[PDB]
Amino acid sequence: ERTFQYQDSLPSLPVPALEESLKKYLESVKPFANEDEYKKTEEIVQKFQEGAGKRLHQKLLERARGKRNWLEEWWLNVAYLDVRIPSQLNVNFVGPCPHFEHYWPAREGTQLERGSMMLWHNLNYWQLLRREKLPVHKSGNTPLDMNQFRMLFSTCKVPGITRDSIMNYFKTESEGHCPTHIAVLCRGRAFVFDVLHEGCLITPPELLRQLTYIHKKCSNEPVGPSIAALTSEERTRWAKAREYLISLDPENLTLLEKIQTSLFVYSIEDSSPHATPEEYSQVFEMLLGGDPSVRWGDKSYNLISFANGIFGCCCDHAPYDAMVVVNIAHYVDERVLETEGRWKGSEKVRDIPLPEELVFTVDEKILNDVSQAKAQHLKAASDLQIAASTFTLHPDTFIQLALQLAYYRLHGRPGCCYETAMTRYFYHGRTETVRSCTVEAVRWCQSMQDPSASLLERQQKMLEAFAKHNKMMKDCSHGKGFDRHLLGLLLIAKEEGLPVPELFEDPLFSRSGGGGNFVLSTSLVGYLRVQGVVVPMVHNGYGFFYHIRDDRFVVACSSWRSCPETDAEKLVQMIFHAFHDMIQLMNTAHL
């Protein structure tokens, strides 16, 4: 069985029935409206269903007739590539490598040695992919889309004046040649080297030579031009700064393309984030912040190495979702556990070429841009608040409802929430929106705060909320959600010059979360001991991500300090209390 052999067998992303999607939409705005607003919205939806929407829907079905995935390209552009804000900080997702839970605890002096093995395992995964030896993901006996795995290596975003683009250089052995070099960033400088030698992959001892070489060289020397810091800028500023950098020297492009085609970018940091199984939120902060001087935000996969032997990842969210990175992170974690975090093979170091430094041609203008880039990234990131803690009926649904109750208690109102639902059953299927703030969840939250409510009442309502959410997640993951569908109708119109339908202008559309206005942006990161996070979707919102273990729940939460109402730490504390009451409500209500 080969990694991508089922791709041509995957079904097309479906287009839900119009009436079904609109009904689900109407039901979702209820928690945020009164009689009047709801009547207005219902009226708007009925007319849409009878006129314009019916026609736009027909056009959407025609699009699907010619595309195995009618949404893919649109989603990429509208959700990522067209957005102009600095993506590195505001869109890229980040997460620490969990190796400090066992064999690689925080410890100075282990950066280079551990680093050599990190590269080794990461590279063995790439070989697994290129040879299509990576196991096909399956739901029971149903194959799932594996396309995102092609975006892990040799993939990089390129800034555009109005729209960015994704360059995917990865290729399997059966397809052709794939770049075989990685890029290393150190002390505001860039280096690269081939990972193959005489047909085989270089070993840790050989990788340790390359890293030590680069590290010692830059350590006692002034920081370089830090061209990489520009990748953290506003998309248009970066595009222009990039064009300028290129005009100064036709060769500066070749250097850029070398970084772009590299299997991945490895960053060497001098910082040392406090990382222990208990407290490690500081790792998220340095990952999202850090020193842009050695980060390439446009890279789909940027492996980060800290001074105290800790590791982390920062990835462009545009080309793929977090699960691919979670998978390689876990793969490496297993390798570290099996080898006790050591290399027990040959210590021989063959005669392999030394890392070549990528020296960019710059001037006073470029240097001012770089300086500006760092300043804006550091300033923007400095306003970020991170809270990461471990807590020691589907688990996912449980946490989602717990979050609803927590937000409700902390802010006194239902928080419109966005939960990622994967749609990998379909060709190139990525995500769908699950709106956790349902009528059922709100009714349950009220009962939880109602002194006259009995235990049976609260339990019965909590269960009704579980049933609703479970059905929701199932339908969404199966292509029956409605958020992407409505987006599709909107894009059909705009793409043809037709006006924006009144439904999207309705106050309740955005109040319910539509248009990227969710105050709670969330997602399960799996059950592979890996954790990650991203900044909130809105200024007065939160980012809440988590992963599940058989004996514990791990959560990571983000909020903006500039918003006095929100507080990441307080919300986490609130949800832990929420888990408790929910548990007790089941035990106490045993009868």
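Quick note: we count residues from 1 along the sequence shown, nothing fancier.
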* How many missing residues of the deposited sequence lie between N141 and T142 in the entry, grouped as none, 1 to 3, 4 to 9, or 10 or more? -> none
* Asked: 313 to 321 versus 105 to 113: which one carries the higher mean Cα B factor per the record?
  -> 105 to 113
* Asked: Quick one: higher average CA temperature factor, 241 to 249 or 120 to 128?
  -> 241 to 249
* Structure fact -> From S436, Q282, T231, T261, the top C-alpha temperature factor is at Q282
* Identify, among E72, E440, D506, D369, the residue whose C-alpha carries the highest B-factor in the deposited PDB entry. => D369
* Using the B-factors in the PDB entry, rank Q573's C-alpha atom against the chain and give the third, lowest, middle or highest. => highest
* Relative C-alpha B-factor of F426, binned into the chain's lowest, middle or highest third -> lowest
* **Relative C-alpha B-factor of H485, binned into the chain's lowest, middle or highest third** => lowest
* To do: Determine, from the deposited record, the chain-internal third of the Cα B-factor for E19: lowest, middle or highest.
  => middle
* Structure fact -> Here the Cα B-factor of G66, set against its chain, lands in the third termed lowest
